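Colleague: Once you've had a glance at the structure underneath, I'll fire off some questions.
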Amino acid sequence: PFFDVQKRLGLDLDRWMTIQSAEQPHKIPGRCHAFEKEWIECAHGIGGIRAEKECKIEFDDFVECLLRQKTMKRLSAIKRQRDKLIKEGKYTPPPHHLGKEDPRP
Amino acid sequence: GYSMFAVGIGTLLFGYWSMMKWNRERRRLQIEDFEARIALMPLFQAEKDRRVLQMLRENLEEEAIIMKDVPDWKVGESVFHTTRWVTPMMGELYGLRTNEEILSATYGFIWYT
Amino acid sequence: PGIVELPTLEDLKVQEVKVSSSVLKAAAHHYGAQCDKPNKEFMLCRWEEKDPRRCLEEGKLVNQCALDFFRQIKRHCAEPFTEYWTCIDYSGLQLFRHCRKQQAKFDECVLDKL
Amino acid sequence: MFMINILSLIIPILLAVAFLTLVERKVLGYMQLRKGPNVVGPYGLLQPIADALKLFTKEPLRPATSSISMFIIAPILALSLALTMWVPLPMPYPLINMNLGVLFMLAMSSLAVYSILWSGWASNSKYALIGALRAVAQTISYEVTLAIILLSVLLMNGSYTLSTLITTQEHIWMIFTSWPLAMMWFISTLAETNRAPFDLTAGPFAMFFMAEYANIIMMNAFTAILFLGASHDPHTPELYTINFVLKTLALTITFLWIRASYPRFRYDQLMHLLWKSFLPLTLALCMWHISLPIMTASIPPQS
Amino acid sequence: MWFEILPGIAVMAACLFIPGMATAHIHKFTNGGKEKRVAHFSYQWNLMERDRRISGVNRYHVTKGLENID
Amino acid sequence: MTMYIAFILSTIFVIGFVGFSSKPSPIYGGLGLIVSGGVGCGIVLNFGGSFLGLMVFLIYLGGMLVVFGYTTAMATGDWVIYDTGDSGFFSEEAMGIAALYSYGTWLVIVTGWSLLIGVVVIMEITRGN
Amino acid sequence: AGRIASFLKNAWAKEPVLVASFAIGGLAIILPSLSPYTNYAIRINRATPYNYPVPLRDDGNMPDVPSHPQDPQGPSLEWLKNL
Amino acid sequence: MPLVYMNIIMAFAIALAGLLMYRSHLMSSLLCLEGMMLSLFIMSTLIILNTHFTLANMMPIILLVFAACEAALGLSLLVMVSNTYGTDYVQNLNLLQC
Amino acid sequence: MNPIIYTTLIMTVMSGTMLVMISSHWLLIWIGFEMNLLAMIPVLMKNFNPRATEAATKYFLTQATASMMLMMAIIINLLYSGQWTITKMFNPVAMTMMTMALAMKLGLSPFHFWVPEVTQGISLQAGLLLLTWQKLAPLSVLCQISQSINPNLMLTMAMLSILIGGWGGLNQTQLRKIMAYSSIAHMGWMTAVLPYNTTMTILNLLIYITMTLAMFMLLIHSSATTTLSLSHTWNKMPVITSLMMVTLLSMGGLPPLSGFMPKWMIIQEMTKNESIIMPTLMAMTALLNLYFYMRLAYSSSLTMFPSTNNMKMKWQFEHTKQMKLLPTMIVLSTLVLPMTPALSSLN
Amino acid sequence: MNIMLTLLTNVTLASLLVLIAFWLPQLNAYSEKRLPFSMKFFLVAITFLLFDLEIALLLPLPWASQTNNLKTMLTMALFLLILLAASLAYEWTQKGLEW
Ligand SMILES: CCCCCCCCCCCCCCCCC[C@@H](O)O[C@H](CO[C@H](O)CCCCCCCCCCCCCCC)COP(=O)(O)OCC[N+](C)(C)C
Ligand SMILES: CCCCCCCCCCCCCCCCC[C@@H](O)O[C@H](CO[C@H](O)CCCCCCCCCCCCCCC)COP(=O)(O)OCC[N+](C)(C)C
Ligand SMILES: CCCCCCCC/C=C\CCCCCCCC(=O)O[C@H](COC(=O)CCCCCCC/C=C/CCCCCCCC)COP(=O)(O)OCCN
Ligand SMILES: CCCCCCCC/C=C\CCCCCCCC(=O)O[C@H](COC(=O)CCCCCCC/C=C/CCCCCCCC)COP(=O)(O)OCCN
């Protein structure tokens with residue numbers, strides 16, 4: 001099946017592209033560098049089953065960074081409630097959200 | 001026959017030498033420009049941090065005002081289990097702002113030609 | 001899970017540097033040479049803390065130091081600097097190569113005065 | 001004030017390709033020991049207007065049995081590509097400043113063959129289809145060498161930006177750095193636009209003619225910018241505009257001269273010429289131009 | 001004689017003179033008498049936005065000089 | 001906001017895919033494929049990947065679909081997933097793509113060998129006999 | 001030796017394009033390993049600052065790291081200026 | 001998961017269904033395969049650019065190259081079929097049967 | 001074709017399979033699959049004829065569809081977890097689609113339809129290579145992700161494959177179609193033990209490869225394609241018919257022959273996981289394979305079919321080319337039961 | 001946005017001019033009265049496609065020159081171009097470029 005020639009010879013044929021946080025050119029960081037680093041360090045040398053059971057918090061944070069489903073849900077809820085209130089007329093946006101603010105450098 | 005080839009090769013060599021000198025000068029000018037940018041960076045970083053924090057604070061104030069009636073809402077609740085600082089998305093800053101600056105922030109660099 | 005903490009708007013109030021990008025680029029080299037210590041302290045703090053909320057004081061310090069630098073420039077070498085940054089501003093790419101003459105005048109003036 | 005800029009870039013190009021026909025007739029006539037059109041108007045100046053009026057008032061010979069859809073689509077695509085292939089060009093400030101201008105020009109030039117293919121397919125004739133197939137094969141074959149030469153030359157520029165080509169050739173023309181690539185590029189542009197010695201072949205006909213001549217002028221302006229750089233003073237762009245226009249006109253006159261001074265190739269002869277004389281030399285010179293900046297430590301700046 | 005070809009060519013020259021300078025002039029008129037700022041690499045775009053926010057008129061070409069430093 | 005321009009382009013992409021998926025008159029299905037490819041390149045360019053979009057528009061449309069048409073004729077919600085910081089004084093996509101020669105030596109080797117074997121295979125198949 | 005020279009003379013006739021292409025390709029392959037300026041090109045590429053140089057934290061045992069840009073310690077680009 | 005990814009996967013599924021429908025004209029089958037490939041390219045490009053996975057920017061180009069090669073191969077086979085039958089109808093390939 | 005070109009294409013096929021097996025990146029695995037498919041097509045078309053062309057185009061269509069499905073699964077897995085390494089799939093939909101892609105590549109039912117026709121159209125040499133070598137990459141990939149595969153899908157596909165192979169083998173007369181259905185049934189047997197023990201999968205793969213290599217070499221030695229052409233063999237080389245009958249009995253699972261080792265062992269493993277109904281069903285189904293193997297043996301060796309006069313001339317000429325490793329293949333496929341525990345070598 | 005406006009203007013102008021040229025002569029009433037399949041064309045099309053793919057591989061060279069791994073980048077670029085040349089040579093010697 002998997003004949004690990006690379007680890008036997010220390011060649012690094014294709015291991016540099018496997019993860020986001022592995023020696024990017026000009027040290028350009030990935031969007032989720034910190035979360036991936038945390039999860040990788042949590043799950044190293046632990047085994048698949050134990051990594052799945054024990055490092056679930058880090059993987060959940062990593063997936064949240066990748067897809068941001070919960071952030072989208074929260075923003076959508078806030079926007080919908082604001083729209084409902086502005087339809088009923090009990091809420092008025094501040095000048096900052098109307099373009100009348102004073103911008104800063 | 002030999003003269004034509006000699007003339008061509010001489011022109012090639014002269015062009016190569018001139019381009020070598022000019023390209024080295026361009027390298028030096030590029031390094032100078034990059035050093036100017038490096039010198040100017042920290043002020044821009046400080047201003048960016050201040051602007052991001054102010055936008056987040058304004059969004060938090062508006063969330064506190066709006067979410068007052070929602071029963072189970074916790075104002076300013078993080079969605080990450082960790083307490084580490086997380087860079088906000090475009091939507092986390094410009095979520096409640098007007099649409100024109102939303103478009104500017106998300107598309108100005110790509111659309112500027 | 002948890003509540004994020006954000007500094008109050010009174011903590012983010014500081015005297016902004018209200019000069020344009022071309023003006024900043026004109027004096028970028030002298031600004032980097034003279035104002036190096038607060039800038040380096042702020043940038044090291046930014047890279048070590050990995051948190052914008054833990055580096056507000058250094059940001060205020062770098063703003064104040066830049067304002068002091070520009071006040072000195074305004075006090076001593078206002079006119080050569082004005083010509084230099086006008087020339088830098090005219091170009092689309094804001095190239096230093098265009099007007100080395102004005103740069104030389106500004107450099108000699110600021111070496112004479114400060 | 002952007003639509004004004006687009007119109008002021010479009011209309012003069014159409015007028016230029018209108019008067020290019022008159023200029024070509026005059027040049028060929030005087031090279032053939034005669035005069036060109038000199039009866040209509042002062043010196044033939046009114047000839048293009050008369051030709052356009054005659055073409056637009058003549059009944060079209062629609063086959064009435066082919067696919068009208070592609071028949072009307074093909075001139076649209078040809079003219080649209082010919083007009084849109086002018087906007088990246090810096091003279092000296094491009095209308096639309098793009099980082100990857102050269103790749104955009106290459107992509108549009110590659111798309112240009114769809115008009116030929118669709119016109120041949122919708123012509124509803126086996127002979128027209130065969131002619132379209134030969135034209136398509138020739139165009140794609142020569143565009144391969146066009147692309148290779150373009151990247152090999154740009155290796156000394158630093159990036160794909162067209163404006164930077166003005167900065168690279170500030171002190172010396174790129175004609176001296178690499179003349180063999182320039183000559184092969186000139187022949188490739190001749191063969192791409194179906195011009196002698198490579199021209200084997202009312203309304204839509206005029207559409208296609210304008211598209212072809214606009215492509216001629218575009219290719220020549222691109223060659224002038226790429227290989228014959230002009231000094232650019234930021235405080236007076238009129239000097240650069242005049243120099244660039246003069247070089248483009250010189251190259252167009254050279255095109256007409258070459259058409260008037262040579263016989264024409266066969267199809268197999270030109271295919272052999274490309275595949276067995278240009279491509280090996282193109283690969284060798286591309287390797288040489290890859291290796292040269294590293295050899296001489298003269299890598300161009302931008303990245 | 002041969003110089004009779006010159007008129008028509010001249011017209012083409014004019015028809016090729018019109019675009020270039022036109023753009024240049026527009027690029028000045030819309031941008032306060034200066035060259036249009038090019039923005040590659042996404043760092044110069046941040047500079048343009050900073051100038052736009054600094055100016056107070058919402059135009060980047062309005063340059064606030066040293067007189068604004070108080 | 002531009003009526004969800006990313007969503008408009010995605011819907012037009014889906015419409016073109018439906019149009020050419022019915023497989024009517026393979027030349028017309030081809031035309032639908034060019035339309036869909038142009039829309040997809042528009043999506044990629046709008047997102048920010050200029051080089052990859054131009055790569056599609058050059059390779060795919062200019063060469064590969066053109067060869068397809070040649071052979072046929074011979075026969076009978078958004079804007080929220082984006083970033084916050086800047087890319088510096090370069091384009092990240094161009095640097096990552098140009099890292100093919102300094103990092104991806106293995107990828108270059110295998111792709112070149114595959115292309116050479118593809119040439120050999122095409123010659124062997126089309127030889128006939 | 002004689003056969004190789006005769007073959008080269010034969011190829012230079014009736015096939016100059018292939019001879020020129022092979023000569024240029026061979027030169028482009030061979031020459032960079034001999035040119036002394038390639039290390040200069042590598043050094044020039046290395047000396048271009050693309051990212052902000054993050055300062056190190058002082059601990060009193062860094063004599064080679066300058067405390068100010070003007071200080072003599074650190075790499076110098078005088079060789080590039082002389083080029 | 002935003003609507004753009006959903007639309008791209010929907011396009012891929014539609015192209016797969018078109019490939020598997022098989023009315024006639026094997027050229028249409030090849031066109032459906034290449035539509036699936038184009039959808040794959042778009043989706044991968046969006047995913048890689050969104051997360052700033054810099055070193056993965058190589059992946060689309062490589063993909064495209066290989067896929068295009070396959071297309072070429074497929075076309076060759078199609079040609080031979082026509083050269084044996086005079087036309088490329090799918091129903092003509094019925095000599096071999098289970 | 002030219003011998004050098006044929007050798008180069010064979011090296012490229014083997015290199016693609018090796019790249020699939022030795023790589024830890026999904027993109028590199030997909031590249032290996034593409035290289036294998038690209039170089040495998042001319043091997044089918046070495047003897048040009050309409051049947052070979054049709055078989056090659058069917059194979060190309062199926063493999064291209066499978067590769068596209070595999071790439072889509074890789075894309076979804078990357079989307080839901082930014083990982084390129086071949087490990088736990090981290091997504092149910094991606095795992096399902098990748099399982100279908102690998103089933104298409106392998107030939108498991110209901111994606112089995114292409115195997116009999118492709119085997120029938122192409123030659124014996126091409127068929128031998130396709131039947132044994134092709135299985136190594138998809139099986140390695142499946143073994144590498146066996147901890148994530150859904151047992152229901154794999155088990156039902158394996159059961160369907162065994163049923164379909166057993167039923168379809170009864171009707172066929174041509175030997176190549178019989179071999180195709182035999183391969184389908186053997187892969188149904190082999191993929192059923194993937195969720196439990198991959199070592200049993202590898203052992204069954206090795207035993208099946210040895211048996212089918214021996215049988216295909218015997219069929220090439222006595223140039224017979226249909227059943228009657230094989231029946232004529234006894235008049236010239238009776239030893240070949242006897243060895244072929246012994247190998248056929250081995251392939252049916254009859255003890256103490258080697259072909260009994262996998263099935264038995266596989267059953268044992270599924271009995272350790274309290275799976276009792278399924279092994280019984282697969283055994284009673286493999287009885288059908290045994291039946292049509294026995295019919296072939298009756299036709300070939302155990303009875304003497306009528307001969308032809310011209311066969312006399314074939315008595316005077318000897319087989320000029322001898323294929324090495326045929327006796328070794330026969331011995332390894334018939335008399336290696338007593339060394340069953342060597343499977344602990346994690347072969 | 002600017003490029004979209006430019007493309008729309010170009011297409012609109014071309015379409016308007018084409019339709020007016022098609023319809024201006026239509027106002028005035030008037031009388032109003034295969035097998036071959038050459039293989040060489042397909043072969044040249046396929047060769048162009050494959051060389052286009054190799055050019056697509058070669059394209060990022062202008063940015064590949066600034067890597068500090070000049071030896072490795074140079075080796076890889078020359079390897080790609082050598083493989084392109086070898087493919088052309090194989091096509092040449094086996095009579096793949098004949099009409
Ligand atoms: C080792 C076994 C040799 C015999 C078996 C060969 C099996 C098939 C041949 C293919 C295997 C060749 C191994 C090449 C692996 C590439 C990685 C290794 O070579 O290191 C590279 C060294 O590069 C070398 O120059 C590779 C050159 C090899 C390519 C030239 C010939 C290849 C031919 C292989 C067969 C292809 C078809 C046949 C062609 C004749 C990396 O360079 P480095 O700078 O440290 O790292 C850069 C990354 N950073 C930025 C993180 C530091
Ligand atoms: C008929 C039965 C099959 C016979 C097969 C042919 C026999 C001849 C093969 C010649 C030797 C085979 C291998 C050559 C030795 C060097 C290779 C060695 O390094 O490989 C090791 C492994 O060695 C081989 O696996 C063992 C080969 C022995 C096969 C015989 C077992 C058959 C059992 C039942 C029949 C009894 C024998 C009958 C006579 C041969 C490395 O193992 P490792 O990389 O860490 O793990 C990879 C596997 N994983 C991924 C699943 C974990
Ligand atoms: C010390 C290191 C130096 C590095 C080496 C670099 C030096 C290289 C020296 C040689 C380079 C010369 C390459 C030039 C291109 C070669 C093209 C070629 O050879 O093809 C011709 C064919 O070319 C043509 O005939 C094309 C004619 C097309 C009509 C155009 C007529 C030319 C007149 C127009 C002037 C050209 C303008 C060029 C400048 C353009 C300005 C932008 C030969 O073909 P055949 O005669 O059939 O022979 C092959 C069979 N044995
Ligand atoms: C190791 C470097 C390789 C990379 C550099 C070259 C890259 C690109 C160039 C090669 C492209 C492909 C070449 C394909 C070769 C095909 C050969 C062939 O078959 O052509 C022969 C003819 O070619 C030959 O004669 C054999 C090869 C010709 C010479 C080859 C090279 C000779 C030596 C080169 C080096 C010279 C010495 C160096 C001098 C240095 C300066 C002092 C048949 O002629 P036809 O055109 O088919 O017939 C038409 C007329 N009826």
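Residue numbers start at 1 in each chain; chains themselves are named A, B, ... in the order of the structure tokens; ligands are numbered from 1 in the order shown.
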Step by step, measure atom-to-atom distances between ligand 2 and each residue using only C-alpha atoms and all ligand atoms, keep those at most 10 Å, then write them as number ranges by chain.
Modeller: A: 1-5, 8; I: 21-22, 140, 143-144, 198-211, 258-259, 261-262, 328-347
Colleague: Would you mind listing, for every residue of region 4-96 of chain H within 10 Å of region 14-17 of chain A, the two atoms forming the shortest contact and the distance between them in Å to one decimal, using only C-alpha atoms, sorted by chain and ascending residue number, as a Markdown table?
Modeller:
```
| residue | atom | partner | partner_atom | distance |
| --- | --- | --- | --- | --- |
| H:53 | CA | A:17 | CA | 9.3 |
| H:54 | CA | A:17 | CA | 9.5 |
| H:55 | CA | A:17 | CA | 6.3 |
| H:56 | CA | A:17 | CA | 6.7 |
| H:58 | CA | A:17 | CA | 9.7 |
| H:59 | CA | A:17 | CA | 9.7 |
```
Colleague: Just the selected residues (C-alpha atoms), exported as a short mmCIF file (atom, residue, chain, number, x, y, z; two decimals), in the first residue's frame, please.
Modeller:
```cif
data_model
loop_
_atom_site.label_atom_id
_atom_site.label_comp_id
_atom_site.auth_asym_id
_atom_site.auth_seq_id
_atom_site.Cartn_x
_atom_site.Cartn_y
_atom_site.Cartn_z
CA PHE H 53 -2.72 28.91 0.94
CA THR H 54 0.12 30.35 -1.11
CA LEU H 55 2.04 27.19 -2.00
CA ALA H 56 -1.18 25.59 -3.24
CA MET H 58 0.37 25.63 -8.17
CA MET H 59 -2.46 23.11 -7.92
#
```
Colleague: Hey, which residues come within 7 Å of ligand 4 if we count only C-alpha atoms and all ligand atoms? Could you give them as a VMD selection string?
Modeller: (chain D and resid 276 280 to 281 283 to 284) or (chain G and resid 8 11 15 18 to 19 21 to 26) or (chain J and resid 82 85 to 86 88 to 89 92 to 93)
Colleague: Keeping only N, CA and C atoms, take the residues you just selected and write them out as a PDB file, in the first residue's frame.
Modeller:
```pdb
ATOM      1  N   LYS D 276       9.960  23.830 -38.382  1.00  0.00           N
ATOM      2  CA  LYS D 276      11.313  23.328 -38.529  1.00  0.00           C
ATOM      3  C   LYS D 276      12.369  24.419 -38.630  1.00  0.00           C
ATOM      4  N   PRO D 280      12.609  25.443 -33.301  1.00  0.00           N
ATOM      5  CA  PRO D 280      13.905  25.104 -32.684  1.00  0.00           C
ATOM      6  C   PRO D 280      14.706  26.327 -32.272  1.00  0.00           C
ATOM      7  N   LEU D 281      14.800  27.321 -33.153  1.00  0.00           N
ATOM      8  CA  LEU D 281      15.509  28.545 -32.807  1.00  0.00           C
ATOM      9  C   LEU D 281      14.820  29.274 -31.666  1.00  0.00           C
ATOM     10  N   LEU D 283      13.117  27.912 -29.184  1.00  0.00           N
ATOM     11  CA  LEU D 283      13.459  27.218 -27.945  1.00  0.00           C
ATOM     12  C   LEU D 283      14.893  27.508 -27.525  1.00  0.00           C
ATOM     13  N   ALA D 284      15.828  27.491 -28.477  1.00  0.00           N
ATOM     14  CA  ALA D 284      17.219  27.767 -28.135  1.00  0.00           C
ATOM     15  C   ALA D 284      17.384  29.179 -27.589  1.00  0.00           C
TER      16      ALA D 284
ATOM     17  N   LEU G   8      30.343  18.158 -38.781  1.00  0.00           N
ATOM     18  CA  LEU G   8      29.970  19.532 -38.461  1.00  0.00           C
ATOM     19  C   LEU G   8      29.977  20.408 -39.706  1.00  0.00           C
ATOM     20  N   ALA G  11      26.853  19.560 -41.672  1.00  0.00           N
ATOM     21  CA  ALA G  11      25.638  20.094 -41.068  1.00  0.00           C
ATOM     22  C   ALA G  11      25.563  21.609 -41.192  1.00  0.00           C
ATOM     23  N   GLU G  15      21.806  22.827 -43.536  1.00  0.00           N
ATOM     24  CA  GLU G  15      21.061  22.777 -42.282  1.00  0.00           C
ATOM     25  C   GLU G  15      21.668  23.719 -41.250  1.00  0.00           C
ATOM     26  N   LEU G  18      19.431  24.292 -37.524  1.00  0.00           N
ATOM     27  CA  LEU G  18      19.572  23.308 -36.457  1.00  0.00           C
ATOM     28  C   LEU G  18      20.920  23.434 -35.761  1.00  0.00           C
ATOM     29  N   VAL G  19      21.984  23.691 -36.524  1.00  0.00           N
ATOM     30  CA  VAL G  19      23.305  23.856 -35.925  1.00  0.00           C
ATOM     31  C   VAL G  19      23.315  25.058 -34.991  1.00  0.00           C
ATOM     32  N   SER G  21      20.724  26.455 -33.493  1.00  0.00           N
ATOM     33  CA  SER G  21      19.871  26.189 -32.340  1.00  0.00           C
ATOM     34  C   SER G  21      20.587  25.315 -31.321  1.00  0.00           C
ATOM     35  N   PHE G  22      21.245  24.254 -31.787  1.00  0.00           N
ATOM     36  CA  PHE G  22      21.942  23.370 -30.862  1.00  0.00           C
ATOM     37  C   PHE G  22      23.115  24.076 -30.200  1.00  0.00           C
ATOM     38  N   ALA G  23      23.844  24.904 -30.949  1.00  0.00           N
ATOM     39  CA  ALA G  23      24.959  25.637 -30.360  1.00  0.00           C
ATOM     40  C   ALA G  23      24.476  26.590 -29.275  1.00  0.00           C
ATOM     41  N   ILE G  24      23.401  27.332 -29.551  1.00  0.00           N
ATOM     42  CA  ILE G  24      22.886  28.280 -28.567  1.00  0.00           C
ATOM     43  C   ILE G  24      22.363  27.546 -27.339  1.00  0.00           C
ATOM     44  N   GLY G  25      21.650  26.436 -27.544  1.00  0.00           N
ATOM     45  CA  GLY G  25      21.150  25.678 -26.409  1.00  0.00           C
ATOM     46  C   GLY G  25      22.265  25.118 -25.548  1.00  0.00           C
ATOM     47  N   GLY G  26      23.294  24.556 -26.187  1.00  0.00           N
ATOM     48  CA  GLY G  26      24.422  24.042 -25.432  1.00  0.00           C
ATOM     49  C   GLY G  26      25.148  25.127 -24.665  1.00  0.00           C
TER      50      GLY G  26
ATOM     51  N   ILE J  82      14.079  21.609 -22.336  1.00  0.00           N
ATOM     52  CA  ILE J  82      14.697  20.451 -22.970  1.00  0.00           C
ATOM     53  C   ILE J  82      13.653  19.387 -23.264  1.00  0.00           C
ATOM     54  N   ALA J  85      11.816  20.503 -26.329  1.00  0.00           N
ATOM     55  CA  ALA J  85      12.621  20.247 -27.516  1.00  0.00           C
ATOM     56  C   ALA J  85      12.651  18.764 -27.859  1.00  0.00           C
ATOM     57  N   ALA J  86      12.725  17.903 -26.844  1.00  0.00           N
ATOM     58  CA  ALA J  86      12.751  16.465 -27.087  1.00  0.00           C
ATOM     59  C   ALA J  86      11.430  15.978 -27.662  1.00  0.00           C
ATOM     60  N   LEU J  88       9.401  17.814 -29.519  1.00  0.00           N
ATOM     61  CA  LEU J  88       9.420  18.253 -30.912  1.00  0.00           C
ATOM     62  C   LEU J  88      10.309  17.353 -31.762  1.00  0.00           C
ATOM     63  N   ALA J  89      11.466  16.955 -31.231  1.00  0.00           N
ATOM     64  CA  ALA J  89      12.373  16.093 -31.979  1.00  0.00           C
ATOM     65  C   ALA J  89      11.751  14.731 -32.248  1.00  0.00           C
ATOM     66  N   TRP J  92       9.352  15.064 -34.936  1.00  0.00           N
ATOM     67  CA  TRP J  92      10.027  15.300 -36.207  1.00  0.00           C
ATOM     68  C   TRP J  92      10.547  14.002 -36.812  1.00  0.00           C
ATOM     69  N   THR J  93      11.243  13.190 -36.014  1.00  0.00           N
ATOM     70  CA  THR J  93      11.955  12.045 -36.576  1.00  0.00           C
ATOM     71  C   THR J  93      11.001  10.935 -37.000  1.00  0.00           C
TER      72      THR J  93
END
```
Colleague: Determine which residues of region 39-239 of chain D DSSP labels as helix (DSSP H, G or I) from the backbone of this structure, then write them out as an MDAnalysis selection string.
Modeller: chainID D and resid 47:56 68:84 101:111 113:122 126:154 164:168 174:177 179:192 203:227 237:239
Colleague: Counting only C-alpha atoms and all ligand atoms, which residues in chain D sit no more than 8 Å from ligand 3? For each one, give the nearest pair of atoms and the distance in Å, sorted by chain then residue number, as a tab-separated table.
Modeller:
```
residue	atom	partner	partner_atom_place_in_ligand_line	distance
D:175	CA	ligand 3	42 (C)	7.1
D:179	CA	ligand 3	39 (C)	7.2
D:180	CA	ligand 3	13 (C)	4.7
D:181	CA	ligand 3	14 (C)	7.4
D:182	CA	ligand 3	42 (C)	5.4
D:183	CA	ligand 3	38 (C)	4.2
D:184	CA	ligand 3	15 (C)	5.7
D:185	CA	ligand 3	42 (C)	7.5
D:186	CA	ligand 3	40 (C)	5.4
D:187	CA	ligand 3	28 (C)	5.9
D:196	CA	ligand 3	29 (C)	8.0
D:197	CA	ligand 3	29 (C)	6.3
D:223	CA	ligand 3	42 (C)	6.0
D:224	CA	ligand 3	42 (C)	6.8
D:227	CA	ligand 3	42 (C)	6.1
D:228	CA	ligand 3	42 (C)	7.2
D:251	CA	ligand 3	42 (C)	7.5
D:254	CA	ligand 3	34 (C)	7.8
D:258	CA	ligand 3	30 (C)	6.6
D:262	CA	ligand 3	29 (C)	7.4
D:273	CA	ligand 3	47 (O)	6.0
D:276	CA	ligand 3	49 (C)	7.6
D:277	CA	ligand 3	20 (O)	5.3
D:278	CA	ligand 3	17 (C)	6.0
D:281	CA	ligand 3	13 (C)	6.8
D:285	CA	ligand 3	6 (C)	7.4
D:288	CA	ligand 3	4 (C)	7.4
```
Colleague: Please return, as a list in words, all residues of chain E lying within 6 Å of chain C when only C-alpha atoms are considered.
Modeller: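 Putting it all together, I get residues 34, 35, 36, 37, 38, 47, 51, 54, 63, 64 and 65 of chain E.
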Colleague: Residues of chain B were defined as contacting chain D if any atom lay at most 6 Å from it, counting only C-alpha atoms; please report them as number ranges by chain.
Modeller: B: 12, 15-16, 20, 23-24, 26-27, 113
Colleague: Restrict the selected residues to C-alpha atoms and save them as a short mmCIF file (atom, residue, chain, number, x, y, z; two decimals), in the first residue's frame.
Modeller:
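Resulting contents of selection-v9.cif:
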```
data_model
loop_
_atom_site.label_atom_id
_atom_site.label_comp_id
_atom_site.auth_asym_id
_atom_site.auth_seq_id
_atom_site.Cartn_x
_atom_site.Cartn_y
_atom_site.Cartn_z
CA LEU B 12 24.33 41.67 -29.14
CA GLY B 15 23.15 45.50 -25.84
CA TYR B 16 23.88 42.91 -23.16
CA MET B 20 23.33 44.72 -17.45
CA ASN B 23 19.17 46.44 -14.68
CA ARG B 24 21.65 46.70 -11.81
CA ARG B 26 17.02 49.34 -11.38
CA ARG B 27 17.78 46.78 -8.66
CA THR B 113 -7.43 49.97 -13.35
#
```
Colleague: Show me which residues sit within 8 Å of ligand 1 when counting only C-alpha atoms and all ligand atoms, and put them as a ChimeraX atom specification.
Modeller: /A:11-13,16,23,25 /F:102-106,109-110,112-113 /J:69,71-72,75-76,79,83
Colleague: Please identify all polymer residues within 7 Å of region 4-19 of chain E, counting only C-alpha atoms, omitting same-chain residues fewer than 3 positions from it, and present them as a list in words.
Modeller: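 Contacts, in chain order: residues 8, 9, 12, 13, 15, 16, 19, 23, 26, 27, 43, 45, 241, 242 and 245 of chain D; 1, 22 and 23 of chain E.
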Colleague: Write to file, as a compact mmCIF listing (two decimals), in the first residue's frame, the residues of the selection just made, with C-alpha atoms.
Modeller:
```txt
# COMPACT_ATOMS: atom_id res chain seq x y z
CA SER D 8 -11.74 58.92 -28.05
CA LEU D 9 -9.79 55.66 -28.15
CA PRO D 12 -9.73 57.37 -34.02
CA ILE D 13 -8.74 53.72 -34.42
CA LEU D 15 -10.70 56.28 -38.78
CA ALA D 16 -7.08 55.10 -38.93
CA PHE D 19 -7.46 55.61 -44.13
CA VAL D 23 -2.46 54.62 -47.74
CA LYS D 26 -1.14 54.68 -52.72
CA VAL D 27 2.02 52.94 -51.49
CA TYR D 43 -5.35 63.28 -53.25
CA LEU D 45 -8.64 61.52 -49.37
CA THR D 241 2.99 59.85 -28.32
CA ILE D 242 4.56 61.34 -31.46
CA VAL D 245 2.85 56.92 -33.64
CA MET E 1 5.05 62.15 -57.33
CA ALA E 22 -6.43 62.53 -24.94
CA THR E 23 -5.96 59.94 -22.21
```
